[PDB]
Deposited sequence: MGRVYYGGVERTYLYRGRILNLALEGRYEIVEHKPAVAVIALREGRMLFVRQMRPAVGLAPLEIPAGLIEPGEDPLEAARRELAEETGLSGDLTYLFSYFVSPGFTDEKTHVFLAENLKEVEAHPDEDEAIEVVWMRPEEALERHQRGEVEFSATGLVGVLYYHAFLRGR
């Protein structure tokens, strides 16, 4: 039976028997390549005290399906629109949360919204360089950033 300890803004905390469970909205993430650069983003993330390398991402809002949320986050975080293709999904950490992330590829990007606001910093970077900087200890990845880098190396070269 699920017993709620905390009902919040993007999460709830529940106990289910002996299990501590964090309910969390589903998410999307968008992989985009242009001229050999991947579209990363960075923001301060208070949970970790730093700004990891991510790709455009966010929570699915009421009424949206993953494709629509992916469109919205690409536009809101980077001012771009593209033709989106669903790739795959993953549970971020199924040992404690139900957050599920739906990953899309974006092609044929166009700037639809003009951008020196760095709430969300747009970081175009070759994925090879992102991986090298991470191997040198100079940047951290989110799961979405790492998935973007690995997907590129696997399928986009």
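Not built in the structure, per the record, are deposited positions 1 to 9, 125 to 126, 169 to 170.
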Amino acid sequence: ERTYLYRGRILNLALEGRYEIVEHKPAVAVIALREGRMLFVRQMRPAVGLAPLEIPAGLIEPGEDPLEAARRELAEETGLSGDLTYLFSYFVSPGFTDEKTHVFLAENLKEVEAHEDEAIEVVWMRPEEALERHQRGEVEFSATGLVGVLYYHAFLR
From here on, numbers count along this sequence of modelled residues.
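Under this definition, the rigid core comprises the largest set of C-alpha atoms superposing within 1.5 Å between the forms.
RMS Cα deviation from the shown model in 6 other deposited structures of this protein, rigid core fit, is larger for 105 to 113 than for the other stretch of the pair 105 to 113 / 63 to 71.
In all of the other compared structures of this protein with flanking residues present, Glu35 is modelled, so it falls below the one-third mark for missing coordinates. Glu118, present in the displayed chain, goes without coordinates in a third or more of the other PDB entries compared that cover both sides of it. The PDB entry records a higher mean C-alpha B factor for 17 to 25 than for its counterpart among 141 to 149 and 17 to 25. Comparing the deposited coordinates for 120 to 128 and 106 to 114, the stretch with the larger average C-alpha B-factor is 106 to 114. Within the selection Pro52, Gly58, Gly63, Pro46, the deposited Cα B-factor values reach their highest point at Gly63. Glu35 sits in the highest third of its chain by CA B factor, as recorded in the PDB entry.
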